[PDB]
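Fold and geometry: a report
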Amino acid sequence: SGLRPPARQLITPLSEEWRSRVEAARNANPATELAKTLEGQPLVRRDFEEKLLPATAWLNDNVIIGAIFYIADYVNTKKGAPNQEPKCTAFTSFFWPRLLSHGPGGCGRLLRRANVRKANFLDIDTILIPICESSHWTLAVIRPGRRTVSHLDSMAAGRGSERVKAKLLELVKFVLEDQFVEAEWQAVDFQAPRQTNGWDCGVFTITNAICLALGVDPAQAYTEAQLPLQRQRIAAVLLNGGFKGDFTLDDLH
């Protein structure tokens, strides 16, 4: 499985400076560009006040994709990976709908933009694919060095859908071509904290992505009751411009 216990508490209360900064963001001038993600997406008051910070808010694409791109960038910077040879890579909210509607053969542009190519595929450690179906966010994770695919659905305490797993293996086969060895690949389920609250799916998705990207066991690392605080921490990371400085993940990597 390759997953370790977290070296310190994963979800912890913020300093007064960061709490105040997050509160100020949801009370901001509504036109201020408070942040801009690695997707190129500006974030404004609405993203924080309505689509992240309330404990019962459903997260939007801007926040979810922004956060997950920052996870991948943390790993690539830590490992000194070349820009086109990432160790962790992430997809946008457009990928899963494209895969459903076109299949992998219509996903070439999105694969290339994520730097997922045949030549470097097995050199990637973690591929993070956010999936939204019927408003419910889950996380697909391909681990090429381990030859595994996984689907982490918080509604099933981590267990994944056979339909998603099969689609992930079809994608892997498409990319790898004559390098695909079907019997050496497998779908693997990971235990993860259980979701009761529908609105928390996006927060579970981000948090499971942090854990899998870092090699941390999510079932050992957090609980659903910690997710209101995790929303504040995600907000702080976005305002900070990523998992760096105060929010480096070094002490868990």
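- In terms of determination method and resolution, the entry is listed under X-ray crystallography at 1.4420 Å.

**A few points about the environment of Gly158**
- Along the chain, the position of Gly158 falls in the loop between β6 (148-152) and α6 (162-176).
- Each C-alpha atom of the pair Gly158 and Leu139 lies 9.5 Å from the other, and the pair is 19 residues apart in sequence.
- Setting aside its immediate chain neighbours within four residues, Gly158 contacts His151, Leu152, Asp153, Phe190, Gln191 and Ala192.

**Points about the pattern of salt bridges**
- Considering all chains together, one arrives at 11 salt bridges under this definition.
- A salt bridge links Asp251 to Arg8, with the nearest nitrogen and oxygen atoms 2.8 Å apart. Placement of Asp251 in the segment after α8 (227-240) and of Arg8 in the segment before α1 (16-25) is noted, with a sequence separation of 243 residues between them.
- Salt-bridge contacts for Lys118 lead to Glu177; the nearest nitrogen and oxygen are separated by 3.0 Å. On the criterion of sequence distance, the pair formed by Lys118 in the loop between α5 (108-113) and β4 (126-133) and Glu177 in the loop between α6 and β7 (186-187) is long-range, its members being 59 residues apart.
- Overall, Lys118 belongs to the partly exposed group, its relative accessible area being 34%.

Rules behind the numbers
Residues numbered from 1 in each chain as written, not as in the entry; some residues may be left out. Heavy atoms only, no water. Residues with missing side-chain atoms left out of burial classes, pairs and counts. Helix = DSSP H or I, 4+ residues; strand = E, 2+ residues; numbered from the N terminus. Contact = heavy atoms within 4.5 Å. Salt bridge = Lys/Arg side-chain N within 4 Å of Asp/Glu carboxyl O. Buried < 20%, exposed > 50% of the residue type's maximum accessible area, 1.4 Å probe, protein only.

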